[PDB]
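Starting off, we have a lone chain in the form deposited in one PDB entry, written out as structure tokens.
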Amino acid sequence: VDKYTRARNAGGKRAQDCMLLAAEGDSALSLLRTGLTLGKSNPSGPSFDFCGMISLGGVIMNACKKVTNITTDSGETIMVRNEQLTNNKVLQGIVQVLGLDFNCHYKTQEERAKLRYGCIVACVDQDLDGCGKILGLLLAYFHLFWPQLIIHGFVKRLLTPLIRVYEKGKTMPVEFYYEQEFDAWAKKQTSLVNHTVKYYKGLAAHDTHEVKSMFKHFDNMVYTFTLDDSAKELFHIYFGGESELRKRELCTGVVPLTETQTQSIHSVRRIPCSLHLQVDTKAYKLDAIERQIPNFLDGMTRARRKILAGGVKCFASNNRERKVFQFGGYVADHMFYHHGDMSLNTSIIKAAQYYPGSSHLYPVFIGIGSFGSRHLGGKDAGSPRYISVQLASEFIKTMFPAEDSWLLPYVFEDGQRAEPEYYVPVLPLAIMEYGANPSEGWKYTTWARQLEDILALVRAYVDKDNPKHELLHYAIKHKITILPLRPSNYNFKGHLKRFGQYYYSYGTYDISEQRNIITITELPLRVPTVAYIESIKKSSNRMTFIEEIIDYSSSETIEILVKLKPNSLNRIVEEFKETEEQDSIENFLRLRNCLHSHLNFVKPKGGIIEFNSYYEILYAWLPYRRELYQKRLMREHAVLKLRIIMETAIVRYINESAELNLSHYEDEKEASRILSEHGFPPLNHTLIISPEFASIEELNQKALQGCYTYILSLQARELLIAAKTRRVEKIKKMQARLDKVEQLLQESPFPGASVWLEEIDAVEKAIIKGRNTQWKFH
């Protein structure tokens, strides 16, 4: 068994006194090695005797979905392990280490005494990924096979502090375990004075003195799992079985533990399995749902919106090419991505990919390097080390305006601003892209719609001159859906058809009877075009009718020749019995693809939402964009009023500076006093010149007060009359813009509808420019 340092005096007569430390990873392995190799000067703490160490190798395989429970009709319920379940390395290694067998029920004391270890202790990072997923899977495995071990306290975990607050002059921390508990303590505290807060997002984050202090009290922080009667149904719901049983379980939200329950947990270290599944596992499931399911407003997940915000910040100053690993490091540093860089780099590569049938029809990045062709389905991309990306600055700036970004709700990580909670683009991305992802109860599949039907719908909704504007609003009222929405034909030489309530994409083929070669030039929408030939070479009877398959397709195009038997050409027609929707050759070559859509997204609040059609998603996305435009115009009006009054005061001071002559006043106090005496308005120029994320009410409440720094901070060069004339012209331009904004707020359909129209035209032009340049705008 690899990554297993055997504990001495284990497996013998003293085996009942030995514990096995199951680590979720190698960082936990290193922490355990340090703690157990403390050795001398720490006799109370454990050493490698009576303490074995084993790694779980990340998450483990869910055995609830592997067991079959067949042939229980013989009077006994026998459970048969899957061959994939039998051949797993980590589970069989754990079974070998413990010396346990599946056939035996560990009822009496002797059966447990047969074990090679007294108990198994799990050490995982104090986070959702590991405390609720890895530990949850391990607990489910043990409950599924040997419930008596959990009942008799064979399974336990070592609990580590997530957050430590140190008060100055005191060496003991508060070691809080959950974010909610720490927040409650902080709000209970009068102030955070002389308090240093440290977050341990992983076991390896602990320091040498910290791990020494932990292992000094290693007899503590060890909690035994207990099995209740209600735990069976919870284990069945969360792991294994039908997905729907957990769907209705994951649409509610995590119920926090009562104070009495937490007090019982900490007083005596006996964690019920039901409570663990209710809290930690459910929290992990909800987080994974919010992490792997896109938000319908921006059509992109937390990872991809985080990447987009990081790219916007990184490439704003200069659009120079950046290596994928460097950009991922920048995103993790600035956007507070605390998971890793393998998945982040993979997500960046996927976001920057662009080929026929790729997931992203309008990528947010332009990629320099080899990002993979349609033939490998994006799997042939090069390493992130030697691959560069750039921000599609014009497409993003026309699709995600910065002024909109200023007014979006934002996610705050540890009190610091991070990527926005959601973006509200001028056009719905959730309808314009492809995707097929499972996530802990819900599957997400989306097929992109044409960028002619969506444009028509949005323009008819916004433009009052559109003849279908009133009809479209009535459709919004009563869900008529008068205008059509159709799958995108871009980069697809086949043809889409609709039968019943389903769409099918067909590849095209050429038959040369005299040459007896079948030429296929376009395959279904998202087939990898290389796994396709493997599928057609593995169909037993399909391969019998043919002799050779050669792939002459270059990049971006498909051209495959099939040499078949001379007498089979008619026989195939007799073999497959073509229907009205697919031909005999299409049936033979699997050229038809039924496209299914699972329109499951996450709400802006954080829940799950399911749409029956793409019209519903569009109708849900419309009001958010309307309200964003309206509030953006209102904020622009307010800030422009403030800027006009500030600039008028500035010009007045520039005019009167000769008369005032503040060169003979003591300091800023006297100068501010005399400026207030002369009637100059007090206002904080920092907020006026840059409101940033300032709402209307706070903008007003902060601009009503302030200092006279605007007057004091202006340089001598601004006193020249040319600068004053430029300032006056700027005031005229700003007041004209203010009048235009006031006109915009009174527009007939809704405020800012015309601005939405020009934005739509600009983003359409940018998208066309991208399409006709292979998404290489240079």
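Throughout, we count residues from 1 along the sequence that is shown. What we label the rigid core is the largest C-alpha set whose atoms superpose within 1.5 Å from one form to the other.
The form deposited in another entry is left out here; the points below concern that form.
Position with Cα shift of 2 Å or more, rigid core superposed between this form and the one not shown, options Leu675, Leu618, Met399, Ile349: Single residue meeting the criterion: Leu675.
Would you say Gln743 moves between this form and the one not shown, meaning its CA shifts by 2 Å or more once the core is fitted? The answer is no; the displacement is under 2 Å.
Quiz item: Does superposing the core leave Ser388 with a CA shift of 2 Å or more between this form and the one not shown?
Solution: It does not, since the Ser388 C-alpha is displaced less than 2 Å between this form and the one not shown after the core fit.
- Has the Cα of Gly752 moved 2 Å or more between this form and the one not shown, judged after a core fit? No; that C-alpha moves by less than 2 Å between this form and the one not shown.
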